[PDB]
Amino acid sequence: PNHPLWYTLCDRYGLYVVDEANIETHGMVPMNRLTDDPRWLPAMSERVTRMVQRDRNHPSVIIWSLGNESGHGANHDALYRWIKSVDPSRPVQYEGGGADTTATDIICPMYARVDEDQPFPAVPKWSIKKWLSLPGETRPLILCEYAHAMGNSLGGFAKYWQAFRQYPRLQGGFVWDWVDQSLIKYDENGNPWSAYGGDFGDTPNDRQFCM
Amino acid sequence: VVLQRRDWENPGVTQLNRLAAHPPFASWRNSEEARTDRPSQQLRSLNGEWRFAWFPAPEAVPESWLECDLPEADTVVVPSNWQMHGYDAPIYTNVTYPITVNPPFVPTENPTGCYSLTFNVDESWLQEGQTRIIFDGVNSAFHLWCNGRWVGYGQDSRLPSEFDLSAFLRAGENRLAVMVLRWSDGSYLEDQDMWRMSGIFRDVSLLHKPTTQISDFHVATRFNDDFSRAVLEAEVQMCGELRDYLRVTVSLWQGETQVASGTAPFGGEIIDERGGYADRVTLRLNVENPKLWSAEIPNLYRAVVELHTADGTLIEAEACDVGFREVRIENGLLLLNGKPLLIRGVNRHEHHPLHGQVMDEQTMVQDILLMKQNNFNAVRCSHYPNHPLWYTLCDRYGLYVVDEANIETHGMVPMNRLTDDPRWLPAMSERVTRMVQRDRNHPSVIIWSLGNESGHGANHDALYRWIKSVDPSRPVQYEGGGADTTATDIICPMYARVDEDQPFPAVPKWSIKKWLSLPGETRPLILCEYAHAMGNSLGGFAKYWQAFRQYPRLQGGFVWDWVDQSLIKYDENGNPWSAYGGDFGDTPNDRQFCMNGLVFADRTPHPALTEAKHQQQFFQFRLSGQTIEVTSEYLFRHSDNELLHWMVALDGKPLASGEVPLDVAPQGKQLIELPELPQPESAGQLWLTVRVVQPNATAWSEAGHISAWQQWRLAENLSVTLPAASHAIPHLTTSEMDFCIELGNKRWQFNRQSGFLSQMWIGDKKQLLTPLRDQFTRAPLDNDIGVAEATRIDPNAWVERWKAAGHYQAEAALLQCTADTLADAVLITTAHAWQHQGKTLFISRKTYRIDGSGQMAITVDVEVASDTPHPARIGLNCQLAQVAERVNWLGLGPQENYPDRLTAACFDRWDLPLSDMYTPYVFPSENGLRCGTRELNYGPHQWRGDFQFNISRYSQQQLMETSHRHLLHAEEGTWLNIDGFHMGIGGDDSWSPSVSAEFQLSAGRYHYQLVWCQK
Amino acid sequence: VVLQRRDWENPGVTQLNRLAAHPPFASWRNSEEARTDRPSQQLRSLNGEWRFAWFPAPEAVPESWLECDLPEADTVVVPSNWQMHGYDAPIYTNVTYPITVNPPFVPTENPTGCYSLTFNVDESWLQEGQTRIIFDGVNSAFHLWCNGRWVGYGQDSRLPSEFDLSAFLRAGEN
Ligand SMILES: O=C1O[C@H](CO)[C@H](O)[C@H](O)[C@H]1O
Ligand SMILES: [Mg+2]
Ligand SMILES: [Mg+2]
Ligand SMILES: [Mg+2]
Ligand SMILES: [Mg+2]
Ligand code: NA
Ligand code: NA
Ligand code: NA
Ligand code: NA
Ligand code: NA
Ligand code: NA
């Protein structure tokens, strides 16, 4: 959840908002180790419930999200259902555990390609055009993340938009991401420079992947 | 720290340092011992003699108790509820919380139970591995100290709390200190309609496990379409150091025969982008033609889970019983192994009249046997997870179980105040999740329940979904918020009636037949509670069963309930008596509303049990001519322990009998042709009685067990022959005060002031202590009283309406009293009016005809004002001077039966001791009635007609004036109530009018006739 | 008690004495100001200069700090991240946790920021009603004291934690 003013500004300027719970357990092995554990259901619940209690009157918020990169656990299903019961006015999405689980109203993959399948075991990223028409699938598809804008990037961005326009159920996506997470440091002369991972003696680190 | 944090007034803290929940463990170190389910040396019972001190609050607990035994402490047996040892009072309240409703706070005065044990721990237990303590049941919260050092905290009175003691214990003597709080924030989730007690009331144990251990295992069975093939899937989780040489073997056993086995190293399949569970393994075993588990045939296998090294050294083994069965809902029907269930259920609390809420195997087995013997196949754990042994017994004996979370918030306003609150989601979640974690491997558990009477909140929906995700093998039900919410797979109302709607705002109780077909509704309907068996009850039970059999999607229900929650107290002479709410000085309380059982607290049956047994029979009968058609309602078993016996009797006199083997497939039919019947020249009604008898003993029944019965009327021969012509004629004498009639040594006296038969003589012995008078009232049944809370009086209740109309105070006014002499008899004609405040309620017109054979023919015609509430009965009563040993009748029996509860009763000649004609309901009321009676014999007296009767040492007046059965005193002689007509007893619930219209005495004009003579 | 319970190494304790969550409040006492979304006198910002001291672990925090300003403390702007003031290093890691994966435990060396502020309250607030404090964002957990008395505890770095200060406030400087 963002600084409260963000939602006010989005209400007044006009932007659609996906409001997302502060739950990411990416470093766990496997990713759902905590989210499938009932001992962690109380801690997770508060991150979801208190967001909804805070932000439910904002028109700019059109979709709730259960968090990010926390696999798919039973706690996700429980909290999906909580939100659906408390606030029928907004769909609930969540990408974890393969982007199309029982914890999401929207097929919401990250970096699924337009035509090319990525058949990873357990959590495949199908071509977005293929994904829609998988046996029994009826849901809209909106990428929670796509077109990774790291440095000299956005190659093939036009491919997504052509597909988005041609396929009714391909309803767009969210670019990753808006702003370089660089920090300012100063050299011997006091002149500013842009710093990334590792530049503060921080180790282990992931270098420029923050930008 | 403990006192400062007040963890018992914080629903955010339900535990501190508590270990994860899991299925029952024993840490066997020998594979064979796991296979055979023999006691494990690694699982130590700490049950027995503990030290105990009571305190008014945790603030009153002395510090020295943490390190040293208190001299003022006593030595008591554990497990126990401290109320049962007399330390304070057990409280009976239904809805209203026993504490002020101020969540999450509890009273400053909070009864505290200080438990301690000094005990030895062996050397070997601390050299290696993990030693944990397990508290199966502590009511309602507790802190734990080991050797003076604080260990942890626990809540939820009905699930085990476990703590690691490895770093706390020492070789030699150790001391545990357990501070048990009666009230906690947990109490807000424990508002069940039952005795409010506290203490360490379930087992305490030590369990030693290796550091490298089996920490969890789940067993699933899936099938093909015709159940001829199965896969057993066993997920195994470990704790400790993962090593490449580690292996798990899961073996499956049918007795001594290994049917399947699989071995694998640790490492599950990839589940997401980060990989899989390195600390888990899933074994899949193929099983051909598995023996399937049901309540009908509880086939069990044994699964053994071995943690071992590659080279073959056993580290440890865990094990469970496995029942191969599938539970699913399909096309609106609850299916078991592909077949639609008919739930013959009962709700059962954990209650013992001496030990309170402490359970034992003997009581558990007694209950199961009595249940199965009375045609029950299912139990609901009202309203909490049970003692772990209960599930083992239900697995092995064969009962379908609804396992229910320990969540009830009935006293909240509104009911969902806590359950719709996300602050209470954590505490609720633990009560659901930890139950599923514990009980998921039991085949007997077929349905999960989210609790009871907590309204419908978003927390229910969240937890409904959690269970569906974690365990797809079992439907989830929950009744709160109108019985058909989004948090339930089954329409599961409580006390919804068969035909009658009860359209309460927001939470209506529709007719069950109507409920199924509401626009858009597709789910099965099984009542979580029905036919409230409080005192003289179960009227209309047959109506439910007729509906269940007719409607595919009406799949039965659970009766409320199994056993009266009465407690033993002792009088001045040390004699035990049955007590209820308020008898312990507990106030406020809800009196007798804790006694709703089909059986008494000591497991003696109430009469209603036989009605249940009859209606729940597994064989159905039809008669056409001389053909009996037997239909089996079993889904799986053939009738391979069943013989059908038949008998034809003429007014109780045996004329022909026989026996035929039953060979009926499940759901099949068998036709039995009756042989040529002799034609009785004597007058009277021929009756056919059939019974299904089990010739062979079983685990649950004796040889000769009767499981089903039915009766039909056959040919009747009406009497057209004249009675032997008399020549003696009775002699009438008229005085100012009396009409006197004499014949031989017999005298009849009619009081001319009252217009009643005031006395009869046989020789010099008077026959009456009170005159023969009309009676239109009964000592109110619990159903007539119609209260569920002691504070709430319902003006609509039958007793309130009868009282307000003046029924109990109505005075007989003489309208007519005349005497006439006939050619062979004397005729007395009488008329009376019963009035209240100038309103004529009833008019009774009678003739008494006394003929030369000494028979007194009584003809009664009654008018009942159409605007007065319908009377409880229309009959006569008198106090006979005689006490006699036996009561002999030709009518429905042998047990107590009422108009809306007489299907179990059979027409025959019955002979019982007098005391059996009284039913000792703990709260006294009208009782012991027998209907459809044509002849009654008692001492020198015989009554003939078509009537209902009761006979006993207790007057209706004494019964209505006495609150407890032990306070009843036998009156002089014998009170006889003989009714032409008696109102139904009802019982669809016990807190509103529940007698169906067809059983109300509403006709306005009634006719009955009796003959009184000397035998 | 605070150091003994280790609430920051227990997922069963995510808060102590925290008020219920709710939509944005301002408690306007004038309907027209509520309509036009004008500043409310009942909603006060405590943003600005606070006193701050950095410690390597919570065990290193002196008891004296509960009632007395540490002579070694600096004046800093709040809101802020203390890495941006240079007290310790910000860490950029993608997937791998910045701490050893050992739930629910965290490193013994756990950087601790000790913030304080002395402030006065309108006399009318001391007379009636309920004064609460609102922390819109504290990363990642915190205990709170008011006038040397423990108030409560909160977790989740991205939602407001709110506590009732009514029974803690005094006349003059708090
Ligand atoms: O509604 C109910 O009926 C019963 C009445 O005795 C008892 O209170 C049960 O616990 C409750 O579920
Ligand atoms: Mg608590
Ligand atoms: Mg209740
Ligand atoms: Mg019958
Ligand atoms: Mg914590
Ligand atoms: Na589109
Ligand atoms: Na990145
Ligand atoms: Na049915
Ligand atoms: Na009851
Ligand atoms: Na047979
Ligand atoms: Na009575």
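Chains as they are written, first to last, in the authors' numbering: chain V, 393 to 603; chain E, 9 to 1023; chain F, 9 to 182.
Where is the CB? At the ideal position from N, CA and C, for every residue including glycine.
Cβ of residue i within 7 angstroms of any chain E Cβ
{"i": "V:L433", "result": "yes"}
{"i": "F:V9", "result": "yes"}
{"i": "V:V484", "result": "no"}
C-beta neighbour in chain F for residue i, strict 7 angstroms
{"i": "V:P393", "result": "yes"}
{"i": "E:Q374", "result": "no"}
{"i": "E:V114", "result": "no"}
{"i": "V:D569", "result": "no"}
{"i": "residue 1025 of chain E", "result": "Any property of residue 1025 of chain E remains undetermined from this structure, which presents chain E solely from 9 to 1023."}
{"i": "V:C602", "result": "yes"}
{"i": "V:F549", "result": "no"}
{"i": "V:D598", "result": "yes"}
Other residues of its chain near residue i: CB distance less than 8 angstroms, five sequence neighbours each side excluded
{"i": "E:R442", "result": "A29, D164 and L167"}
{"i": "F:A81", "result": "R59, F60, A61, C122 and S124"}
Range of the contiguous beta strand (DSSP E) that encloses residue i
{"i": "V:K522", "result": "That residue, V:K522, is in no beta strand (DSSP E); its alpha helix (DSSP H) goes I520 to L524."}
{"i": "F:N102", "result": "Careful: F:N102 lies outside any beta strand (DSSP E) and carries neither H nor E."}
{"i": "E:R230", "result": "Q221 to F231"}
{"i": "E:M864", "result": "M864 to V872"}
{"i": "E:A311", "result": "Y309 to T317"}
{"i": "E:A327", "result": "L322 to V330"}
{"i": "E:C748", "result": "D746 to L751"}
Proximity to residue i [Cα-Cα], best of the options
{"i": "E:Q365", "options": "E:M205, E:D287 and E:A68", "result": "E:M205"}
{"i": "E:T742", "options": "E:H735, E:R699 and E:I836", "result": "E:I836"}
{"i": "E:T530", "options": "E:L341, E:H316, E:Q767 and E:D233", "result": "E:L341"}
{"i": "E:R857", "options": "E:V188, E:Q1017 and E:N885", "result": "E:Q1017"}
{"i": "E:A820", "options": "E:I851, E:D908, E:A813 and E:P1001", "result": "E:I851"}
{"i": "E:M187", "options": "E:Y105, E:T220, E:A268 and E:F63", "result": "E:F63"}
{"i": "V:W523", "options": "V:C602, V:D403, V:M436 and V:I498", "result": "V:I498"}
Residue i, enclosing alpha helix (DSSP H) - first and last residue
{"i": "residue 1087 of chain E", "result": "For residue 1087 of chain E there is no data in the structure shown, the boundaries of chain E being 9 and 1023."}
{"i": "F:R13", "result": "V10 to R13"}
Sequence-distant residues of the same chain with beta carbon closer than 7 angstroms to residue i, five excluded per side
{"i": "E:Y503", "result": "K517, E537, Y538, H540, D996 and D997"}
{"i": "E:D591", "result": "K577"}
{"i": "F:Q135", "result": "none"}
{"i": "F:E67", "result": "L11"}
Residues that residue i bridges to, as DSSP identifies them
{"i": "E:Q719", "result": "E:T697"}
{"i": "E:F127", "result": "E:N182"}
{"i": "E:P921", "result": "E:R894"}
{"i": "V:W570", "result": "BP columns for V:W570 are empty, so no partner."}
Within-7 angstroms CB hit, residue i to chain V
{"i": "E:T441", "result": "yes"}
{"i": "F:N102", "result": "yes"}
{"i": "E:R13", "result": "no"}
{"i": "E:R473", "result": "yes"}
{"i": "E:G207", "result": "no"}
{"i": "E:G284", "result": "yes"}
Own chain residues within Cβ distance below 6 angstroms of residue i, not counting five before or after
{"i": "residue 7 of chain E", "result": "This structure gives no information on residue 7 of chain E, because the portion of chain E shown stretches from 9 to 1023."}
{"i": "V:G488", "result": "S462, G463 and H464"}
{"i": "E:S766", "result": "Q757, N759 and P779"}
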